[PDB]
Structures are given as C-alpha cells and as structure tokens.
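# Notes for the structure review
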Amino acid sequence: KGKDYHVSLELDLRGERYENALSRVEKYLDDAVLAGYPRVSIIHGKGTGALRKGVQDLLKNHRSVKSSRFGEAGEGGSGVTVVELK
Amino acid sequence: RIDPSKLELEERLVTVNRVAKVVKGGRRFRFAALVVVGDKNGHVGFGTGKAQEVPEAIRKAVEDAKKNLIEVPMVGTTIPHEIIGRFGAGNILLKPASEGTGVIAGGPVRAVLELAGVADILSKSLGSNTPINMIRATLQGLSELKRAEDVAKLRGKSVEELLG
Amino acid sequence: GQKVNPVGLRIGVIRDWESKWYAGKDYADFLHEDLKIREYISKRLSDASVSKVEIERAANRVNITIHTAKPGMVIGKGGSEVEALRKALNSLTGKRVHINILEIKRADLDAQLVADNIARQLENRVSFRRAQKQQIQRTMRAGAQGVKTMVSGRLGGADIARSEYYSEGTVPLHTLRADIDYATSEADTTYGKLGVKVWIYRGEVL
Amino acid sequence: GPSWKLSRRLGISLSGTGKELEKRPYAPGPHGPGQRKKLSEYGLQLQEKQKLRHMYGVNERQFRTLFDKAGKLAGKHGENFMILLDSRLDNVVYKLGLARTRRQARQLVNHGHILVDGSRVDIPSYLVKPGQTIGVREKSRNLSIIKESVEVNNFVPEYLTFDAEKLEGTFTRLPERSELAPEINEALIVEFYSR
RNA sequence: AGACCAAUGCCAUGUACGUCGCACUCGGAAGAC
RNA sequence: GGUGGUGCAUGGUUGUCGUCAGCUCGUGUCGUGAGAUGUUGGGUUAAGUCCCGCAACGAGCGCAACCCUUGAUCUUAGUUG
RNA sequence: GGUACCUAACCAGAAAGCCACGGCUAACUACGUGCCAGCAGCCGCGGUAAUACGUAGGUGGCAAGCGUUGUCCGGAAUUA
C-alpha cells in the first residue's frame with residue numbers, strides 16, 4: 001500500500017496541451033479513487049476550447065467515471081465543470 | 001534589401017523529390033522537397049530542404065523560405081510589362097494579361113503566382129519542365145519588373161509622358 | 001546477429017533479479033511457480049499497466065510487490081479486488097501470499113509501460129511515425145537522458161517487412177556504467193505481428 | 001437517393017439544409033470513413049464543378065455551352081457564369097420560393113408555367129423584361145401545391161420581388177452580391193474548363 | 001620497365017506519409033446625548 | 001488440436017564481414033541540382049586515438065574507460081583451512 | 001394533314017445505358033487464378049495474399065447516348 005499522499009478535490013487545466021493533459025487527468029482520477037472521492041472537477045480554458053470538449057468524451061468512455069456535468073448558478077455557472085465516479 | 005518574417009506567410013508544397021546515395025553498404029535514401037511561400041499582395045519566396053523524412057524535410061525548406069523572399073511590383077493587380085524568364089534552360093514568358101482573365105499557367109508557375117496573389121496573368125513554359133528551374137526562372141523574371149515612377153525618376157520626367 | 005540485452009548484461013552488477021529470495025532443492029518448482037504467478041498478474045492486471053514484480057519468499061510464505069502508478073485505482077476502492085486477486089493467488093500457490101503495491105513517479109519513462117503504450121496505439125491504428133515521435137518527445141520532456149525506440153514488421157507495406165527508428169540525446173549501450181531499461185512488446189494487428197522494442201538511458205550510476 | 005449520397009460524397013449538403021451531413025459526414029462506400037488524401041489539382045475543382053453541377057441538376061453539354069455564352073458576355077468571365085445560372089429559370093422559381101427542391105422546380109415547370117412575357121414556359125432560358133405586366137393564371141394559380149408553395153416564408157432577395165396571394169414576381173433592375181456568390185468557390189470552374 | 005586469367009544463364013529486388021490549445025458575482029435604517 | 005507449408009508475409013532470435021574504425025546527424029556555407037564541406041591537409045595512434053591546421057562549428061552511434069578475472073601488497077575474520 | 005396546335009380523362013405506371021477505378025487521371029475492396037488464363041495510350045501488372053487478369057459489390061465520369069477505330073490541327077518553340 002501507498003500512504004504518503006493526499007489528493008485534492010479540484011484541478012485547474014488552463015493554458016496547456018491536449019495529449020499532455022489526458023495523461024495526467026487519468027492519473028488524477030486514479031488518485032481520487034485512492035482517496036475515495038465521489039466527486040471532482042477539472043477547470044478548463046475558453047479560447048481554443050478543443051480540450052474543453054476533448055476531455056469530456058474521454059470521461060464518457062472512461063472505465064471509472066459515469067458522467068461529467070457543468071456547474072450550477074449557485075456555484076458560479078460555467079466557472080466549474082464537475083465529474084463524478086463509480 | 002531583405003524583408004523580415006514579421007508578416008504572415010502562406011506556404012504551398014509543390015514537389016517532394018526522392019533522392020538517393022550509393023554507399024558501400026548499398027543505396028541510401030533521402031528526401032528533398034521544395035516549397036514556395038509568400039503573401040497575396042507583394043512578397044514571395046521559395047525554399048528547399050534535404051532530410052531523411054518528409055515533415056522535417058519540408059520544415060527545413062520552409063525555414064529557407066522564411067529566409068529568402070523577393071518583392072514583386074504590382075500595377076493594377078497584374079504585372080506591368082513584358083518579361084521572359086531566364087535561368088539555365090528555364091524560359092518562362094509573362095505577359096500583362098487584361099483584367100478578369102484569372103490565372104493561366106502551368107503547375108508550378110501557377111503555384112507561385114497564386115501564392116503571389118496576382119489576379120490576371122498568363123504564361124507559357126518554353127524552357128525545361130523541371131520545377132526548381134521553373135521557379136528560379138520565374139522569380140528571376142519578376143525580379144526584373146519595375147514601376148513607372150522610378151523609371152520616370154531615372155528619366156527626369158513624370159509618369160504622364162511615360163504612360164502616354 | 002543482434003546485441004545482447006542491456007539489462008541482461010547489467011543483471012547482478014547494477015540490476016536486481018526481482019526474485020531476491022533463495023531456494024535450494026526446491027529451486028525448480030519454486031522457479032516455475034514464479035513464472036506462472038507472473039503470468040497470472042500479467043494477464044489479469046493488463047488493464048491498469050504493470051511493469052515489473054518482485055517476489056519474496058520469507059519463511060516460504062510468498063511476498064509480492066507490484067509497481068507503476070495507474071494501479072492507484074487498484075489501491076483505492078478496489079481493495080476488494082486486491083483481496084480477491086490475493087485469494088486467487090493463495091488458491092494457486094498452496095502456502096499463502098501477501099502483496100503490496102508501489103506507486104511509480106514518472107511512469108512515462110518506464111520501458112514496459114512505453115512498449116505497452118506503443119503496442120496499444122499500434123492496435124488502435126495510429127501511424128507508427130506519430131506513435132514513436134510523440135512518445136520519444138514525452139520521455140525526454142519527462143527528463144530521460146536519451147531514448148531510442150524500435151519497430152519492425154509489416155509496417156503498412158504487407159508485401160515487405162522493414163524496421164524504423166528515431167533517437168536523440170545519448171544512448172551509451174557499450175558503457176556498462178550506464179543505467180538502461182529495456183522492453184519488448186508484441187503488437188498484434190490484422191496484418192499479422194508487429195514488433196515493438198524500446199530502451200531508455202537515464203544517466204550513469206556512480 | 002441522390003441528394004443524401006451526393007451530400008456525403010461531396011462534404012456539403014447541396015440543398016443548403018443541415019441534414020444529410022448530421023450523422024454521415026464522411027462519404028458513401030465501404031471505404032468512406034477512412035481518412036482520405038487531400039484532393040489533387042484536378043480533383044478539387046472537378047469536385048467543385050460537381051457541387052455547382054448537381055445543386056442545379058443540369059448536364060454537361062449545357063454547362064459547356066452556357067459557359068461559352070457567359071464568356072461571350074461582356075462582363076467578367078466567372079461571375080457572369082454564376083449569374084447566368086442565377087438567371088436560369090428554375091433557379092428563379094427557387095429564389096422566388098415556389099420550388100422547395102430543384103427537383104420540385106423541374107417537375108413543376110414541366111407542370112405549370114410563368115406568363116411573365118410569355119404564353120407557356122417549359123424551358124428555363126429566359127429573363128423577365130423590365131416593365132411589363134403579364135401574369136400567371138389557373139395552371140399555376142389555383143390548385144393544391146400552388147398555396148403549399150407559399151404556405152411558409154422562404155427568403156426572396158433584393159434582385160427579385162414577390163407577392164404571395166397570386167404568387168408571382170419579377171426580376172428587378174440588377175443582381176449584385178449574394179447572387180454573385182452565396183458560398184461558391186468560384187474561378188475553379190474557369191480554370192477547370194480552361195484546362 | 002618488364003610472364004601468363006578465359007567465361008559467369010532468364011526474370012524480379014524493395015520505401016516514404018498523414019498533431020491540434022484557451023474561462024469567475026456588488027452594496028436599505030443609523031435622532032438628540 | 002495440428003513438428004499440415006509459406007524465414008520471399010512475419011515478430012522474437014542467430015551467424016557473417018569484423019572487434020573492422022568506421023558510420024551518421026543538427027546548424028551554417030558552396031553548388032541549382034545530384035551533392036560537397038564536418039569526416040579532407042601536416043603529424044601521431046591499437047583506434048574518426050590525439051594534436052596542429054582548415055568554412056566549418058558542434059553532436060551522436062562508434063573507439064577507450066567504467067564490469068569480471070588474473071598478476072603485488074594493507075586491514076578485517078581465523079573454521080570444516 | 002385532321003399534321004402541328006387546343007381541351008378533357010385515365011396510368012407513377014410503359015422508357016438508361018456505356019466505360020473507368022496503379023500513375024498520368026475521378027473512383028477500392030472481396031473471391032478465383034497463379035508467367036497460366038490474360039490487360040494495355042505511355043510507364044508497365046500478373047511466377048499463390050494481384051486495389052493493373054477474370055468475376056461480385058461499391059464508387060467514379062458522362063448520358064440517349066457511351067466506348068473503340070480511322071483521319072486533321074494543337075499540345076509540338078519538335079522546321080523556331
């Protein structure tokens with residue numbers, strides 16, 4: 001077992017590459033399972049928006065996540081997009 | 001007189017060319033490719049590169065293209081006057097075609113001319129049909145064209161007496 | 001023919017056997033036992049990626065550690081599957097077993113995971129140029145001192161097989177002071193069999 | 001099914017509607033969905049020629065001939081070509097909105113008529129002369145599809161004019177801009193046929 | 001500047017080409033002492 | 001289930017030149033291009049080993065070293081020697 | 001010549017084919033065959049995994065026409 005770790009509940013993914021990020025969002029989801037979080041969020045960018053639509057398809061076919069959803073008005077709207085797992 | 005790479009420049013690959021070397025171990029295989037670059041208004045260059053593979057080959061070509069450019073004078077979206085291309089059995093005729101005629105050229109000469117963005121031009125291949133000698137002859141051609149105002153300056157005259 | 005394997009050359013002088021225990025007069029069945037247990041974890045945990053496994057035989061009760069980072073989900077809510085796989089291991093080995101999982105930082109520059117990756121997008125039908133080129137740049141972005149990748153077989157041209165490689169940095173196989181880590185993986189496609197080899201140089205050992 | 005197959009052969013819907021691309025955007029044929037080579041310097045403008053061909057449905061000798069009439073026309077060599085297809089009368093009944101597909105247009109101009117400076121028109125050549133008041137009756141005025149044509153509003157541009165009760169209109173003074181170029185990558189036509 | 005060597009059976013030999021990065025909200029009463 | 005063929009479909013393997021000192025690349029020049037220069041010249045070495053020159057400047061696989069053993073000795077530990 | 005024209009009613013029913021798909025040059029796969037049968041304007045393909053033979057599907061190009069052949073001019077600045 002590994003016990004030297006703590007896992008955060010959110011992640012910000014602004015201003016960097018597609019195929020660089022998806023390596024470390026799969027790692028981040030695995031970290032969230034090790035800490036057993038039922039819910040997580042990955043903050044993204046706006047301008048190009050390729051990874052913003054790109055990550056959500058990966059979680060849809062990911063083996064551990066059932067859904068990814070946008071934020072509510074009480075949280076701040078599109079300032080967060082949420083992910084929950086199995 | 002050298003134009004920097006401050007502008008935006010479009011590129012267009014015209015030919016990837018297989019090249020070979022014979023060595024003691026056998027034949028050795030390499031890739032040359034030439035590209036033409038420019039803007040649609042007045043500046044154009046071309047570039048050549050050699051590498052073992054296509055993408056960094058055309059990359060070497062495109063940096064050499066960013067290095068070398070040449071300006072073309074443009075009197076009313078067409079060339080001013082008569083000019084024949086001339087470099088090493090490369091003979092390219094350029095005639096100041098009238099408006100609305102479009103581009104009328106062969107393959108590589110159209111590839112450089114549309115990337116120059118000239119609207120109405122027509123041409124003919126009279127020299128050899130290898131593309132590098134084509135482009136070299138054509139840019140030697142458009143290097144020779146002059147505006148009317150500087151010719152009037154060399155004359156000590158104005159442009160009216162030279163247009164008429 | 002070819003070279004010798006760098007890590008096979010470096011076994012015992014720089015490298016561990018990952019089977020550190022000792023048997024005598026039970027060496028044989030002990031040894032084939034380490035083979036089939038490795039087979040079991042290899043085709044069970046192929047989804048979450050495993051590179052290497054070290055087997056300990058403390059008081060003949062077998063003891064296991066498993067590497068790599070993606071089994072962070074094996075460690076997590078899948079404590080149930082950890083227990084279930086361990087029950088199957090004691091079902092296979094008679095005398096029971098105890099297992100541990102070790103996280104690996106920088107899992108990008110581990111040869112087994114690299115080779116499994118290239119085999120995977122070769123099965124997924126990306127071009128071998130694209131696969132090798134993004135992987136090599138990813139490793140030397142991660143901090144590897146020098147990486148050379150291999151591929152051989154019917155690379156699209158089924159009528160004649162060939163081989164292709166790209167490499168930069170330094171890959172000193174002739175120096176035994178160097179640390180090298182070698183993998184091979186066998187990408188199977190509709191064309192037959194496509195071979196993947198990869199080795200990573202990660203600085204010398206003082 | 002012509003329209004659907006040619007929409008995915010072509011990459012653009014010929015009708016201008018979003019459908020036939022919404023779930024089959026690649027191509028027909030069993031080798032459709034694979035990533036294809038970029039089209040050649042003959043392929044690209046033959047492809048564009050087939051755009052301009054089948055979003056009317058007209059044939060090739062008629063293409064070459066109205067091309068030469070466009071060339072004989074005193075304006076610029078390409079936009080005269082596209083405005084002549086603008087003035088082709090099934091295009092006129094389309095942009096007057098009575099026809100909903102041009103296969104509706106050809107069938108209906110086989111059926112009905114336009115009496116603007118005519119007596120009975122089956123053939124799409126002509127143009128409205130400016131300044132005459134001849135009008136459509138009976139055979140394209142009172143029947144079932146006659147008001148099914150203008151049951152909904154479809155846009156009739158500035159170089160045309162229209163009213164809906166008797167459903168007739170005329171070519172106005174001059175066509176200028178969208179009639180010049182809706183989206184068509186022009187001059188590939190003239191370089192293709194000038195090869 | 002220094003002797004003598006003849007021949008090597010029809011085809012067919014390879015590949016090459018193909019990335020894409022940027023996000024968080026606005027504002028009531030309040031005395032004199 | 002096939003030791004039922006196809007190494008001229010193949011992966012994984014191995015020999016061979018040859019333990020030969022060669023093999024190449026980035027960037028830049030020259031040619032137009034094929035290509036060249038680096039890698040040639042002087043000297044030197046088992047070695048593209050090294051030095052000095054030189055439109056090249058560098059880099060990599062190479063070579064050498066790093067490993068094992070055998071040669072001389074110090075300290076530790078003296079038993080089943 | 002009761003022709004064309006003009007009207008009415010019946011039936012979506014009576015009516016699309018040819019050639020090509022290695023490149024030049026738009027369009028790819030399956031099976032059979034195995035220097036055989038064969039294709040071909042040029043370069044050429046086929047000697048058992050043939051997108052080039054022959055089939056089938058699919059695609060492409062044109063259409064009451066489509067391919068082949070012959071002849072003339074261009075391309076051919078190849079009599080300049």
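Residues numbered from 1 in each chain as written, not as in the entry; some residues may be left out. Chains lettered and ligands numbered in written order. Part of a larger assembly, values for the part shown. Heavy atoms only, no water.

- cryo-EM is the method the PDB entry states for this structure, with the resolution given as 3.57 Å.

## Considerations on the packing of helix α2 (residues 107-116) of chain B against helix α3 (residues 131-143) of chain B
Residue and element names in this part refer to chain B.
- Close contact between α2 and α3 brings their axes to 9 Å; oriented N to C, the two are set at 45°. The orientation of α2 relative to α3 falls into the category oblique. The handedness of the crossing between α2 and α3 is right-handed. Between α2, through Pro108, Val109 and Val112, and α3, the contact on the second element is made entirely by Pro131, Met134, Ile135, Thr138 and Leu139.
- Looking at the contact of α2 with α3, its residues break down into seven nonpolar, one polar and no charged. (Axes fitted to C-alpha atoms, helices over the stretch in contact; angles between N-to-C directions. Helix = DSSP H or I, 4+ residues; strand = E, 2+ residues; numbered from the N terminus. Parallel < 35°, antiparallel > 145°, perpendicular 65-115°, else oblique. Left-handed = near helix turned anticlockwise from the far one by under 90°. Contact = heavy atoms within 4.5 Å. Nonpolar A, V, L, I, M, F, W, Y, C, P; charged D, E, K, R; others polar.)

## Looking at the nonpolar core
- Ranked by internal contacts, the top residues of the largest apolar core, which has 42 residues, are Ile55, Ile64 and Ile99 of chain C.
- A per-element tally of this core places helix α1 (residues 18-34) of chain A first, with seven residues.
- With sequence-adjacent residues up to four places away left out, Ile99 of chain C is seen in contact with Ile64, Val82, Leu85, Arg86 and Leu89 of chain C.
- Listed in part, the 21 residues of the second largest apolar core include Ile79, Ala116, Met134 and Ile135 of chain B. (Core = buried A, V, L, I, M, F, W, Y, C linked by side-chain atoms within 4.5 Å. Buried < 20%, exposed > 50% of the residue type's maximum accessible area, 1.4 Å probe, protein only.)

## Some remarks on the pairing of strand β6 (residues 178-189) of chain C
Residues and elements named next belong to chain C.
- In the sheet, β6 pairs with strand β7 (residues 192-204) via eleven bridges, with the strands oriented antiparallel. Its bridge partner being in β7, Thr184 is matched across the sheet by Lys197.
- The antiparallel hairpin formed by β6 and β7 contains two residues in its connecting segment. (Pairing = 2+ DSSP bridges.)

## Points about the protein's contact with RNA strand E
- Inspection of the region around RNA strand E gives 34 residues, with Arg14, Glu16 and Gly47 of chain A, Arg27 of chain B together with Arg129 of chain C positioned closest.
- Across the atoms of RNA strand E situated within 4 Å of the protein, the share located in sugar and phosphate is 41%.
- Note that a base nitrogen of RNA strand E is positioned 3.1 Å from one of the backbone N or O atoms of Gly79 of chain A.
- Of all the secondary structure elements, the ones that give two or more residues to the surface near RNA strand E are α1 and α2 (50-60) of chain A, β2 (26-38) and α1 (54-67) of chain B together with α6 (128-142) of chain C.
- When residues in the surface near RNA strand E are grouped by element, the largest group, four residues, is from α6 of chain C.
- Class assignment of the residues belonging to the surface near RNA strand E gives a composition of eleven nonpolar, ten polar and 13 charged. (Near = heavy atom within 4 Å. Polar contact = N/O pair within 3.5 Å; in protein donor to acceptor, adjacent residues only side chain to side chain.)

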